[PDB]
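This is my_file.txt (compact mmCIF, N, CA and C atoms).
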# COMPACT_ATOMS: atom_id res chain seq x y z
N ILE M 44 57.82 -10.00 -13.62
CA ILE M 44 57.04 -8.93 -12.99
C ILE M 44 56.19 -8.19 -14.03
N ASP M 45 56.65 -8.11 -15.28
CA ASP M 45 55.83 -7.51 -16.32
C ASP M 45 54.73 -8.45 -16.79
N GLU M 46 54.99 -9.76 -16.77
CA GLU M 46 53.92 -10.72 -17.02
C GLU M 46 52.84 -10.61 -15.95
N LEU M 47 53.24 -10.32 -14.71
CA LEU M 47 52.26 -10.06 -13.66
C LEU M 47 51.42 -8.84 -13.98
N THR M 48 52.05 -7.78 -14.49
CA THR M 48 51.31 -6.57 -14.84
C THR M 48 50.26 -6.86 -15.91
N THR M 49 50.62 -7.67 -16.91
CA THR M 49 49.63 -8.10 -17.90
C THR M 49 48.53 -8.93 -17.24
N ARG M 50 48.92 -9.83 -16.33
CA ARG M 50 47.93 -10.63 -15.63
C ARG M 50 47.11 -9.78 -14.65
N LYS M 51 47.77 -8.88 -13.92
CA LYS M 51 47.06 -8.04 -12.97
C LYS M 51 46.09 -7.11 -13.67
N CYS M 52 46.51 -6.52 -14.80
CA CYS M 52 45.61 -5.66 -15.55
C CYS M 52 44.46 -6.45 -16.17
N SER M 53 44.71 -7.71 -16.55
CA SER M 53 43.65 -8.53 -17.12
C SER M 53 42.57 -8.82 -16.09
N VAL M 54 42.96 -9.27 -14.89
CA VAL M 54 41.97 -9.55 -13.85
C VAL M 54 41.35 -8.26 -13.34
N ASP M 55 42.13 -7.18 -13.25
CA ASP M 55 41.57 -5.90 -12.80
C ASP M 55 40.52 -5.39 -13.78
N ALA M 56 40.79 -5.50 -15.08
CA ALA M 56 39.78 -5.14 -16.07
C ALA M 56 38.58 -6.08 -16.00
N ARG M 57 38.81 -7.34 -15.63
CA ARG M 57 37.70 -8.27 -15.43
C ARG M 57 37.00 -8.03 -14.10
N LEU M 58 37.76 -7.64 -13.07
CA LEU M 58 37.15 -7.39 -11.76
C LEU M 58 36.25 -6.16 -11.78
N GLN M 59 36.69 -5.09 -12.45
CA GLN M 59 35.82 -3.92 -12.58
C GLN M 59 34.59 -4.25 -13.42
N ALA M 60 34.76 -5.10 -14.43
CA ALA M 60 33.60 -5.62 -15.16
C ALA M 60 32.74 -6.48 -14.25
N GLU M 61 33.37 -7.25 -13.36
CA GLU M 61 32.62 -8.04 -12.39
C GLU M 61 31.83 -7.14 -11.45
N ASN M 62 32.44 -6.03 -11.02
CA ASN M 62 31.73 -5.09 -10.15
C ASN M 62 30.55 -4.46 -10.88
N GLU M 63 30.72 -4.12 -12.16
CA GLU M 63 29.63 -3.52 -12.92
C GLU M 63 28.48 -4.51 -13.11
N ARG M 64 28.80 -5.75 -13.50
CA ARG M 64 27.74 -6.71 -13.77
C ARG M 64 27.04 -7.15 -12.49
N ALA M 65 27.79 -7.32 -11.40
CA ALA M 65 27.17 -7.74 -10.14
C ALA M 65 26.18 -6.70 -9.64
N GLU M 66 26.55 -5.42 -9.69
CA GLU M 66 25.63 -4.37 -9.28
C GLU M 66 24.40 -4.33 -10.18
N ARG M 67 24.59 -4.54 -11.49
CA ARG M 67 23.46 -4.55 -12.41
C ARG M 67 22.51 -5.68 -12.04
N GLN M 68 23.06 -6.87 -11.76
CA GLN M 68 22.25 -7.96 -11.23
C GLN M 68 21.59 -7.56 -9.92
N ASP M 69 22.36 -6.90 -9.04
CA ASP M 69 21.78 -6.40 -7.80
C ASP M 69 20.67 -5.39 -8.07
N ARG M 70 20.88 -4.53 -9.07
CA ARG M 70 19.87 -3.54 -9.44
C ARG M 70 18.59 -4.21 -9.91
N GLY M 71 18.72 -5.19 -10.81
CA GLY M 71 17.54 -5.87 -11.33
C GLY M 71 16.90 -6.82 -10.34
N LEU M 72 17.71 -7.47 -9.50
CA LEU M 72 17.16 -8.40 -8.52
C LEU M 72 16.24 -7.69 -7.54
N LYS M 73 16.63 -6.49 -7.11
CA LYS M 73 15.76 -5.69 -6.26
C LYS M 73 14.49 -5.28 -6.99
N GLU M 74 14.63 -4.75 -8.21
CA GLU M 74 13.46 -4.34 -8.98
C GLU M 74 12.56 -5.53 -9.31
N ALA M 75 13.16 -6.69 -9.59
CA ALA M 75 12.37 -7.89 -9.78
C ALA M 75 11.62 -8.26 -8.51
N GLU M 76 12.27 -8.12 -7.35
CA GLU M 76 11.63 -8.46 -6.09
C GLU M 76 10.53 -7.46 -5.73
N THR M 77 10.76 -6.17 -5.99
CA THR M 77 9.69 -5.19 -5.78
C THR M 77 8.52 -5.43 -6.72
N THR M 78 8.79 -5.75 -7.99
CA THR M 78 7.72 -6.14 -8.89
C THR M 78 7.14 -7.49 -8.51
N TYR M 79 7.96 -8.37 -7.92
CA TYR M 79 7.44 -9.59 -7.33
C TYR M 79 6.45 -9.28 -6.22
N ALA M 80 6.81 -8.35 -5.33
CA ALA M 80 5.89 -7.94 -4.27
C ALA M 80 4.64 -7.30 -4.85
N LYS M 81 4.76 -6.63 -6.00
CA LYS M 81 3.58 -6.13 -6.69
C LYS M 81 2.68 -7.28 -7.12
N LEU M 82 3.27 -8.37 -7.60
CA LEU M 82 2.48 -9.55 -7.92
C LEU M 82 1.95 -10.22 -6.66
N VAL M 83 2.73 -10.22 -5.57
CA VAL M 83 2.29 -10.84 -4.32
C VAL M 83 1.04 -10.14 -3.80
N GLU M 84 1.04 -8.81 -3.82
CA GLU M 84 -0.17 -8.08 -3.43
C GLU M 84 -1.24 -8.16 -4.52
N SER M 85 -0.84 -8.48 -5.76
CA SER M 85 -1.81 -8.50 -6.85
C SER M 85 -2.88 -9.56 -6.64
N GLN M 86 -2.48 -10.79 -6.31
CA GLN M 86 -3.49 -11.82 -6.06
C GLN M 86 -4.25 -11.53 -4.77
N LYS M 87 -3.57 -10.98 -3.76
CA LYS M 87 -4.21 -10.73 -2.47
C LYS M 87 -5.44 -9.84 -2.63
N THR M 88 -5.39 -8.87 -3.54
CA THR M 88 -6.57 -8.07 -3.84
C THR M 88 -7.69 -8.93 -4.40
N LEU M 89 -7.44 -9.63 -5.50
CA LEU M 89 -8.51 -10.35 -6.18
C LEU M 89 -8.89 -11.62 -5.43
N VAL M 90 -7.94 -12.23 -4.71
CA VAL M 90 -8.28 -13.37 -3.86
C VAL M 90 -9.35 -12.96 -2.85
N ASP M 91 -9.19 -11.77 -2.27
CA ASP M 91 -10.26 -11.19 -1.47
C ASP M 91 -11.48 -10.90 -2.33
N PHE M 92 -11.27 -10.53 -3.59
CA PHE M 92 -12.36 -10.16 -4.48
C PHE M 92 -13.00 -11.36 -5.17
N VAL M 93 -12.25 -12.43 -5.42
CA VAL M 93 -12.83 -13.63 -6.04
C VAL M 93 -13.74 -14.34 -5.05
N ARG M 94 -13.38 -14.33 -3.77
CA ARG M 94 -14.18 -14.99 -2.75
C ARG M 94 -15.28 -14.10 -2.18
N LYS M 95 -15.19 -12.78 -2.37
CA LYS M 95 -16.33 -11.93 -2.04
C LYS M 95 -17.40 -12.04 -3.12
N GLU M 96 -16.99 -12.17 -4.38
CA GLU M 96 -17.94 -12.47 -5.45
C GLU M 96 -18.39 -13.93 -5.37
N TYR M 97 -17.51 -14.81 -4.88
CA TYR M 97 -17.90 -16.19 -4.62
C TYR M 97 -19.03 -16.25 -3.59
N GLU M 98 -19.01 -15.34 -2.62
CA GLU M 98 -20.04 -15.32 -1.59
C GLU M 98 -21.25 -14.49 -2.00
N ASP M 99 -21.04 -13.46 -2.83
CA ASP M 99 -22.16 -12.62 -3.25
C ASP M 99 -23.15 -13.38 -4.12
N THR M 100 -22.68 -14.37 -4.88
CA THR M 100 -23.60 -15.17 -5.69
C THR M 100 -24.36 -16.19 -4.85
N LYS M 101 -23.92 -16.44 -3.62
CA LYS M 101 -24.63 -17.37 -2.75
C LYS M 101 -26.01 -16.84 -2.38
N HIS M 102 -26.11 -15.55 -2.06
CA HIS M 102 -27.41 -14.94 -1.83
C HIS M 102 -28.23 -14.91 -3.11
N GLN M 103 -27.59 -14.61 -4.24
CA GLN M 103 -28.29 -14.64 -5.52
C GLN M 103 -28.64 -16.06 -5.95
N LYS M 104 -27.99 -17.07 -5.37
CA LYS M 104 -28.40 -18.45 -5.59
C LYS M 104 -29.64 -18.80 -4.78
N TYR M 105 -29.53 -18.73 -3.45
CA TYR M 105 -30.65 -19.07 -2.57
C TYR M 105 -31.12 -17.85 -1.79
N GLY Y 7 5.99 -23.54 -11.31
CA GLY Y 7 4.84 -22.99 -12.01
C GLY Y 7 4.15 -21.89 -11.24
N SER Y 8 3.66 -20.89 -11.97
CA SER Y 8 2.94 -19.74 -11.40
C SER Y 8 3.89 -19.02 -10.44
N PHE Y 9 3.49 -18.75 -9.20
CA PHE Y 9 4.38 -18.08 -8.27
C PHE Y 9 5.58 -18.95 -7.89
N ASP Y 10 5.45 -20.27 -8.02
CA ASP Y 10 6.59 -21.14 -7.75
C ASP Y 10 7.71 -20.93 -8.76
N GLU Y 11 7.39 -20.86 -10.06
CA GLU Y 11 8.43 -20.72 -11.07
C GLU Y 11 9.08 -19.34 -11.02
N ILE Y 12 8.30 -18.29 -10.76
CA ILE Y 12 8.88 -16.96 -10.62
C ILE Y 12 9.72 -16.90 -9.35
N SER Y 13 9.33 -17.65 -8.32
CA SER Y 13 10.19 -17.82 -7.15
C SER Y 13 11.49 -18.51 -7.55
N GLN Y 14 11.39 -19.57 -8.35
CA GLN Y 14 12.59 -20.18 -8.92
C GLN Y 14 13.33 -19.21 -9.83
N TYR Y 15 12.59 -18.37 -10.55
CA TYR Y 15 13.22 -17.33 -11.36
C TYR Y 15 14.05 -16.40 -10.49
N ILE Y 16 13.49 -15.95 -9.37
CA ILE Y 16 14.25 -15.16 -8.41
C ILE Y 16 15.31 -16.02 -7.73
N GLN Y 17 14.98 -17.29 -7.45
CA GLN Y 17 15.92 -18.20 -6.81
C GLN Y 17 17.19 -18.36 -7.64
N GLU Y 18 17.03 -18.70 -8.92
CA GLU Y 18 18.19 -18.82 -9.79
C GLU Y 18 18.83 -17.46 -10.05
N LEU Y 19 18.03 -16.39 -10.05
CA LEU Y 19 18.59 -15.05 -10.08
C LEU Y 19 19.48 -14.80 -8.87
N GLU Y 20 19.10 -15.36 -7.72
CA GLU Y 20 19.92 -15.22 -6.52
C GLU Y 20 21.16 -16.11 -6.57
N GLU Y 21 21.04 -17.32 -7.11
CA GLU Y 21 22.21 -18.19 -7.25
C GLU Y 21 23.23 -17.57 -8.19
N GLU Y 22 22.77 -16.95 -9.28
CA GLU Y 22 23.68 -16.21 -10.14
C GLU Y 22 24.35 -15.08 -9.38
N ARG Y 23 23.59 -14.39 -8.52
CA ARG Y 23 24.18 -13.40 -7.63
C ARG Y 23 25.15 -14.06 -6.65
N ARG Y 24 24.78 -15.22 -6.11
CA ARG Y 24 25.64 -15.91 -5.15
C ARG Y 24 26.96 -16.33 -5.81
N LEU Y 25 26.88 -16.92 -7.00
CA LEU Y 25 28.09 -17.34 -7.69
C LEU Y 25 28.92 -16.13 -8.11
N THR Y 26 28.25 -15.02 -8.45
CA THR Y 26 28.96 -13.78 -8.75
C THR Y 26 29.73 -13.29 -7.52
N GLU Y 27 29.11 -13.38 -6.34
CA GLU Y 27 29.80 -12.99 -5.11
C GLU Y 27 31.02 -13.86 -4.88
N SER Y 28 30.90 -15.16 -5.16
CA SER Y 28 32.06 -16.05 -5.05
C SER Y 28 33.16 -15.63 -6.01
N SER Y 29 32.80 -15.28 -7.24
CA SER Y 29 33.81 -14.86 -8.22
C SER Y 29 34.42 -13.52 -7.85
N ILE Y 30 33.64 -12.62 -7.25
CA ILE Y 30 34.18 -11.33 -6.84
C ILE Y 30 35.23 -11.51 -5.75
N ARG Y 31 34.90 -12.26 -4.70
CA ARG Y 31 35.88 -12.51 -3.65
C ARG Y 31 37.04 -13.35 -4.17
N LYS Y 32 36.78 -14.24 -5.12
CA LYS Y 32 37.85 -15.04 -5.70
C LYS Y 32 38.91 -14.15 -6.34
N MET Y 33 38.48 -13.13 -7.09
CA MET Y 33 39.43 -12.24 -7.75
C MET Y 33 40.15 -11.35 -6.75
N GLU Y 34 39.56 -11.10 -5.58
CA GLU Y 34 40.22 -10.27 -4.58
C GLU Y 34 41.50 -10.93 -4.06
N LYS Y 35 41.44 -12.23 -3.76
CA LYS Y 35 42.65 -12.94 -3.37
C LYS Y 35 43.59 -13.15 -4.56
N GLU Y 36 43.05 -13.25 -5.77
CA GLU Y 36 43.90 -13.36 -6.95
C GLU Y 36 44.75 -12.10 -7.12
N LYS Y 37 44.11 -10.93 -7.08
CA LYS Y 37 44.87 -9.68 -7.14
C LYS Y 37 45.75 -9.51 -5.92
N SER Y 38 45.26 -9.93 -4.74
CA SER Y 38 46.10 -9.90 -3.55
C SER Y 38 47.31 -10.80 -3.71
N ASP Y 39 47.12 -11.99 -4.27
CA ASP Y 39 48.25 -12.87 -4.57
C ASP Y 39 49.17 -12.24 -5.60
N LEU Y 40 48.60 -11.62 -6.64
CA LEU Y 40 49.41 -10.89 -7.61
C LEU Y 40 50.12 -9.72 -6.95
N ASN Y 41 49.42 -8.99 -6.07
CA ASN Y 41 50.07 -7.91 -5.33
C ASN Y 41 51.04 -8.44 -4.29
N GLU Y 42 50.88 -9.70 -3.87
CA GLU Y 42 51.81 -10.28 -2.91
C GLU Y 42 53.17 -10.55 -3.55
N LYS Y 43 53.18 -11.17 -4.73
CA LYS Y 43 54.45 -11.59 -5.31
C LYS Y 43 55.13 -10.47 -6.08
N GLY E 7 1.79 -22.29 -7.33
CA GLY E 7 1.92 -20.86 -7.10
C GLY E 7 0.59 -20.16 -6.96
N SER E 8 0.54 -18.89 -7.37
CA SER E 8 -0.70 -18.13 -7.30
C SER E 8 -1.47 -18.21 -8.62
N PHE E 9 -0.77 -18.00 -9.74
CA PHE E 9 -1.44 -17.91 -11.04
C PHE E 9 -2.26 -19.16 -11.34
N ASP E 10 -1.76 -20.34 -10.94
CA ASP E 10 -2.56 -21.55 -11.07
C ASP E 10 -3.83 -21.47 -10.21
N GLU E 11 -3.69 -20.98 -8.98
CA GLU E 11 -4.87 -20.71 -8.15
C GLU E 11 -5.72 -19.61 -8.78
N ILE E 12 -5.07 -18.57 -9.31
CA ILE E 12 -5.80 -17.49 -9.97
C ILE E 12 -6.60 -18.03 -11.15
N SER E 13 -5.95 -18.85 -11.98
CA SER E 13 -6.62 -19.40 -13.16
C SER E 13 -7.75 -20.34 -12.78
N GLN E 14 -7.53 -21.20 -11.78
CA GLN E 14 -8.56 -22.15 -11.37
C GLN E 14 -9.72 -21.45 -10.67
N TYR E 15 -9.42 -20.51 -9.77
CA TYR E 15 -10.48 -19.85 -9.01
C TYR E 15 -11.38 -19.02 -9.91
N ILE E 16 -10.81 -18.34 -10.91
CA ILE E 16 -11.63 -17.54 -11.81
C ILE E 16 -12.54 -18.44 -12.64
N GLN E 17 -12.07 -19.64 -12.99
CA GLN E 17 -12.95 -20.61 -13.64
C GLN E 17 -14.07 -21.04 -12.69
N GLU E 18 -13.74 -21.28 -11.42
CA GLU E 18 -14.77 -21.58 -10.44
C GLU E 18 -15.73 -20.41 -10.27
N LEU E 19 -15.20 -19.18 -10.27
CA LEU E 19 -16.06 -18.00 -10.28
C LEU E 19 -16.94 -17.99 -11.52
N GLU E 20 -16.34 -18.27 -12.68
CA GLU E 20 -17.11 -18.32 -13.92
C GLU E 20 -18.10 -19.48 -13.90
N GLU E 21 -17.67 -20.64 -13.40
CA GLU E 21 -18.55 -21.81 -13.40
C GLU E 21 -19.72 -21.63 -12.43
N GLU E 22 -19.47 -21.06 -11.26
CA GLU E 22 -20.58 -20.75 -10.36
C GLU E 22 -21.44 -19.62 -10.92
N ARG E 23 -20.80 -18.65 -11.59
CA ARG E 23 -21.56 -17.66 -12.35
C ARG E 23 -22.52 -18.31 -13.32
N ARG E 24 -22.05 -19.30 -14.09
CA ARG E 24 -22.89 -19.87 -15.14
C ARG E 24 -24.07 -20.63 -14.54
N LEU E 25 -23.88 -21.21 -13.35
CA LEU E 25 -25.00 -21.80 -12.63
C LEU E 25 -25.97 -20.72 -12.14
N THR E 26 -25.46 -19.62 -11.58
CA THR E 26 -26.35 -18.57 -11.11
C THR E 26 -27.10 -17.91 -12.26
N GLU E 27 -26.40 -17.63 -13.36
CA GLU E 27 -27.05 -17.00 -14.51
C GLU E 27 -28.10 -17.92 -15.12
N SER E 28 -27.79 -19.22 -15.22
CA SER E 28 -28.77 -20.18 -15.72
C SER E 28 -29.95 -20.31 -14.76
N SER E 29 -29.68 -20.31 -13.45
CA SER E 29 -30.74 -20.44 -12.46
C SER E 29 -31.73 -19.29 -12.56
N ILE E 30 -31.25 -18.09 -12.91
CA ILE E 30 -32.14 -16.95 -13.08
C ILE E 30 -33.08 -17.18 -14.26
N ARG E 31 -32.55 -17.74 -15.35
CA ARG E 31 -33.37 -17.97 -16.54
C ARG E 31 -34.52 -18.92 -16.25
N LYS E 32 -34.24 -20.03 -15.57
CA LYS E 32 -35.31 -20.96 -15.20
C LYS E 32 -36.22 -20.36 -14.14
N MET E 33 -35.68 -19.49 -13.28
CA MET E 33 -36.52 -18.73 -12.37
C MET E 33 -37.42 -17.77 -13.14
N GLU E 34 -36.88 -17.14 -14.18
CA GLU E 34 -37.70 -16.30 -15.05
C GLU E 34 -38.75 -17.13 -15.78
N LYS E 35 -38.40 -18.37 -16.13
CA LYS E 35 -39.37 -19.27 -16.75
C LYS E 35 -40.53 -19.54 -15.80
N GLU E 36 -40.23 -19.73 -14.51
CA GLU E 36 -41.28 -19.89 -13.51
C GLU E 36 -42.17 -18.66 -13.44
N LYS E 37 -41.57 -17.47 -13.60
CA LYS E 37 -42.35 -16.24 -13.62
C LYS E 37 -43.33 -16.25 -14.78
N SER E 38 -42.89 -16.70 -15.96
CA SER E 38 -43.78 -16.81 -17.10
C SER E 38 -44.90 -17.80 -16.82
N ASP E 39 -44.57 -18.92 -16.17
CA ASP E 39 -45.57 -19.92 -15.81
C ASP E 39 -46.67 -19.32 -14.95
N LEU E 40 -46.29 -18.47 -13.99
CA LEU E 40 -47.28 -17.76 -13.18
C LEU E 40 -48.14 -16.84 -14.04
N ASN E 41 -47.56 -16.29 -15.11
CA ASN E 41 -48.32 -15.39 -15.98
C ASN E 41 -49.48 -16.11 -16.65
N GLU E 42 -49.24 -17.31 -17.18
CA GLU E 42 -50.34 -18.08 -17.74
C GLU E 42 -51.33 -18.48 -16.65
N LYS E 43 -50.82 -18.90 -15.49
CA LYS E 43 -51.69 -19.26 -14.38
C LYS E 43 -52.55 -18.07 -13.95
Write out the structure in this file as structure tokens.
Amino acid sequence: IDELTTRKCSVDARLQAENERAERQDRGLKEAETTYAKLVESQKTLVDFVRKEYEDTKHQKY
Amino acid sequence: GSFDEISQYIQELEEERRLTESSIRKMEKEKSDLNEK
Amino acid sequence: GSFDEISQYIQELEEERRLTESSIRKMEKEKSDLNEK
């Protein structure tokens, strides 16, 4: 039963570390996804802008 | 590549989260088994 | 992904730019031709 206490405390100290690391991954995964959405909207702006300049030179061509 | 690789970056970031979730629940039954005996 | 499209499209923007900018120069050359005429 005391060997269990050593084992239980070992996994408990690892489980609380697991809780800390998992949340940190959860914290960064959300921030990465929000910054991902920043990149997703990033091209959408210039994609609209690359093809508006793509069309604006058409009049300046002919 | 480009948005595909960052998608894979998030994808593998999610698999690491997924495997972490497996390890979290794994330890719950381990402590439950320890608390059982 | 997007960045590959971003990189290629901006080159197409630049490449069509270089045609438009060059076309103006030869158009300006035609203007000079009218000046002698």
Could you superimpose chain Y onto chain E using all C-alpha atoms, paired one by one in order, and tell me the resulting RMSD in Å?
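The C-alpha RMSD comes to 1.0 Å.
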Restrict the calculation to only C-alpha atoms, then for each residue of chain M with any atom at most 10 Å from an atom of chain Y give the closest atom pair and their distance in Å to one decimal, rows by chain and rising residue number, as JSON lines.
{"residue": "M:44", "atom": "CA", "partner": "Y:43", "partner_atom": "CA", "distance": 8.5}
{"residue": "M:47", "atom": "CA", "partner": "Y:40", "partner_atom": "CA", "distance": 6.7}
{"residue": "M:48", "atom": "CA", "partner": "Y:40", "partner_atom": "CA", "distance": 8.6}
{"residue": "M:50", "atom": "CA", "partner": "Y:40", "partner_atom": "CA", "distance": 8.2}
{"residue": "M:51", "atom": "CA", "partner": "Y:37", "partner_atom": "CA", "distance": 6.4}
{"residue": "M:52", "atom": "CA", "partner": "Y:37", "partner_atom": "CA", "distance": 9.4}
{"residue": "M:54", "atom": "CA", "partner": "Y:33", "partner_atom": "CA", "distance": 7.1}
{"residue": "M:55", "atom": "CA", "partner": "Y:37", "partner_atom": "CA", "distance": 7.6}
{"residue": "M:57", "atom": "CA", "partner": "Y:33", "partner_atom": "CA", "distance": 8.8}
{"residue": "M:58", "atom": "CA", "partner": "Y:33", "partner_atom": "CA", "distance": 6.7}
{"residue": "M:59", "atom": "CA", "partner": "Y:30", "partner_atom": "CA", "distance": 9.5}
{"residue": "M:61", "atom": "CA", "partner": "Y:30", "partner_atom": "CA", "distance": 6.6}
{"residue": "M:62", "atom": "CA", "partner": "Y:30", "partner_atom": "CA", "distance": 7.5}
{"residue": "M:64", "atom": "CA", "partner": "Y:26", "partner_atom": "CA", "distance": 8.8}
{"residue": "M:65", "atom": "CA", "partner": "Y:26", "partner_atom": "CA", "distance": 6.5}
{"residue": "M:66", "atom": "CA", "partner": "Y:23", "partner_atom": "CA", "distance": 9.3}
{"residue": "M:68", "atom": "CA", "partner": "Y:23", "partner_atom": "CA", "distance": 6.8}
{"residue": "M:69", "atom": "CA", "partner": "Y:23", "partner_atom": "CA", "distance": 7.4}
{"residue": "M:71", "atom": "CA", "partner": "Y:19", "partner_atom": "CA", "distance": 9.3}
{"residue": "M:72", "atom": "CA", "partner": "Y:19", "partner_atom": "CA", "distance": 7.0}
{"residue": "M:73", "atom": "CA", "partner": "Y:16", "partner_atom": "CA", "distance": 9.8}
{"residue": "M:75", "atom": "CA", "partner": "Y:16", "partner_atom": "CA", "distance": 7.6}
{"residue": "M:76", "atom": "CA", "partner": "Y:16", "partner_atom": "CA", "distance": 7.6}
{"residue": "M:79", "atom": "CA", "partner": "Y:12", "partner_atom": "CA", "distance": 8.2}
{"residue": "M:82", "atom": "CA", "partner": "Y:9", "partner_atom": "CA", "distance": 8.7}
{"residue": "M:83", "atom": "CA", "partner": "Y:9", "partner_atom": "CA", "distance": 8.5}
Problem - Within 5 Å of chain Y: residues of chain E, using all atoms listed in the file, as a list in words - result: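 In the required form, that comes to residues 7, 8, 9 and 10 of chain E.
Going from atom C of residue 28 of chain E to atom N of residue 98 of chain M covers 17.1 Å.
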Computed gap from atom N of residue 94 of chain M to atom N of residue 17 of chain E is 10.7 Å
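Of note, atom CA of residue 67 of chain M and atom CA of residue 21 of chain Y are spaced 14.6 Å apart.
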Atoms added to segment 23-38 of chain E (N, CA, C and O atoms), reported as a PDB file, in the frame of the given file:
ATOM      1  N   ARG E  23     -20.800 -18.650 -11.590  1.00  0.00           N
ATOM      2  CA  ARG E  23     -21.560 -17.660 -12.350  1.00  0.00           C
ATOM      3  C   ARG E  23     -22.520 -18.310 -13.320  1.00  0.00           C
ATOM      4  O   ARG E  23     -23.687 -17.918 -13.388  1.00  0.00           O
ATOM      5  N   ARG E  24     -22.050 -19.300 -14.090  1.00  0.00           N
ATOM      6  CA  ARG E  24     -22.890 -19.870 -15.140  1.00  0.00           C
ATOM      7  C   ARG E  24     -24.070 -20.630 -14.540  1.00  0.00           C
ATOM      8  O   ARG E  24     -25.145 -20.701 -15.138  1.00  0.00           O
ATOM      9  N   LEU E  25     -23.880 -21.210 -13.350  1.00  0.00           N
ATOM     10  CA  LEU E  25     -25.000 -21.800 -12.630  1.00  0.00           C
ATOM     11  C   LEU E  25     -25.970 -20.720 -12.140  1.00  0.00           C
ATOM     12  O   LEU E  25     -27.194 -20.882 -12.272  1.00  0.00           O
ATOM     13  N   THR E  26     -25.460 -19.620 -11.580  1.00  0.00           N
ATOM     14  CA  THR E  26     -26.350 -18.570 -11.110  1.00  0.00           C
ATOM     15  C   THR E  26     -27.100 -17.910 -12.260  1.00  0.00           C
ATOM     16  O   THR E  26     -28.305 -17.660 -12.161  1.00  0.00           O
ATOM     17  N   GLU E  27     -26.400 -17.630 -13.360  1.00  0.00           N
ATOM     18  CA  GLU E  27     -27.050 -17.000 -14.510  1.00  0.00           C
ATOM     19  C   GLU E  27     -28.100 -17.920 -15.120  1.00  0.00           C
ATOM     20  O   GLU E  27     -29.186 -17.474 -15.500  1.00  0.00           O
ATOM     21  N   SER E  28     -27.790 -19.220 -15.220  1.00  0.00           N
ATOM     22  CA  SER E  28     -28.770 -20.180 -15.720  1.00  0.00           C
ATOM     23  C   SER E  28     -29.950 -20.310 -14.760  1.00  0.00           C
ATOM     24  O   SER E  28     -31.103 -20.417 -15.194  1.00  0.00           O
ATOM     25  N   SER E  29     -29.680 -20.310 -13.450  1.00  0.00           N
ATOM     26  CA  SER E  29     -30.740 -20.440 -12.460  1.00  0.00           C
ATOM     27  C   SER E  29     -31.730 -19.290 -12.560  1.00  0.00           C
ATOM     28  O   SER E  29     -32.929 -19.465 -12.313  1.00  0.00           O
ATOM     29  N   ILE E  30     -31.250 -18.090 -12.910  1.00  0.00           N
ATOM     30  CA  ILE E  30     -32.140 -16.950 -13.080  1.00  0.00           C
ATOM     31  C   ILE E  30     -33.080 -17.180 -14.260  1.00  0.00           C
ATOM     32  O   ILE E  30     -34.268 -16.859 -14.191  1.00  0.00           O
ATOM     33  N   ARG E  31     -32.550 -17.740 -15.350  1.00  0.00           N
ATOM     34  CA  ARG E  31     -33.370 -17.970 -16.540  1.00  0.00           C
ATOM     35  C   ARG E  31     -34.520 -18.920 -16.250  1.00  0.00           C
ATOM     36  O   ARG E  31     -35.669 -18.666 -16.640  1.00  0.00           O
ATOM     37  N   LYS E  32     -34.240 -20.030 -15.570  1.00  0.00           N
ATOM     38  CA  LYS E  32     -35.310 -20.960 -15.200  1.00  0.00           C
ATOM     39  C   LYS E  32     -36.220 -20.360 -14.140  1.00  0.00           C
ATOM     40  O   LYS E  32     -37.415 -20.673 -14.091  1.00  0.00           O
ATOM     41  N   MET E  33     -35.680 -19.490 -13.280  1.00  0.00           N
ATOM     42  CA  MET E  33     -36.520 -18.730 -12.370  1.00  0.00           C
ATOM     43  C   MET E  33     -37.420 -17.770 -13.140  1.00  0.00           C
ATOM     44  O   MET E  33     -38.598 -17.603 -12.793  1.00  0.00           O
ATOM     45  N   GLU E  34     -36.880 -17.140 -14.180  1.00  0.00           N
ATOM     46  CA  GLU E  34     -37.700 -16.300 -15.050  1.00  0.00           C
ATOM     47  C   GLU E  34     -38.750 -17.130 -15.780  1.00  0.00           C
ATOM     48  O   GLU E  34     -39.867 -16.669 -16.020  1.00  0.00           O
ATOM     49  N   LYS E  35     -38.400 -18.370 -16.130  1.00  0.00           N
ATOM     50  CA  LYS E  35     -39.370 -19.270 -16.750  1.00  0.00           C
ATOM     51  C   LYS E  35     -40.530 -19.540 -15.800  1.00  0.00           C
ATOM     52  O   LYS E  35     -41.690 -19.588 -16.217  1.00  0.00           O
ATOM     53  N   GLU E  36     -40.230 -19.730 -14.510  1.00  0.00           N
ATOM     54  CA  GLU E  36     -41.280 -19.890 -13.510  1.00  0.00           C
ATOM     55  C   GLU E  36     -42.170 -18.660 -13.440  1.00  0.00           C
ATOM     56  O   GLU E  36     -43.382 -18.766 -13.256  1.00  0.00           O
ATOM     57  N   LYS E  37     -41.570 -17.470 -13.600  1.00  0.00           N
ATOM     58  CA  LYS E  37     -42.350 -16.240 -13.620  1.00  0.00           C
ATOM     59  C   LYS E  37     -43.330 -16.250 -14.780  1.00  0.00           C
ATOM     60  O   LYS E  37     -44.494 -15.843 -14.635  1.00  0.00           O
ATOM     61  N   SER E  38     -42.890 -16.700 -15.960  1.00  0.00           N
ATOM     62  CA  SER E  38     -43.780 -16.810 -17.100  1.00  0.00           C
ATOM     63  C   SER E  38     -44.900 -17.800 -16.820  1.00  0.00           C
ATOM     64  O   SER E  38     -46.060 -17.568 -17.187  1.00  0.00           O
TER      65      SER E  38
END
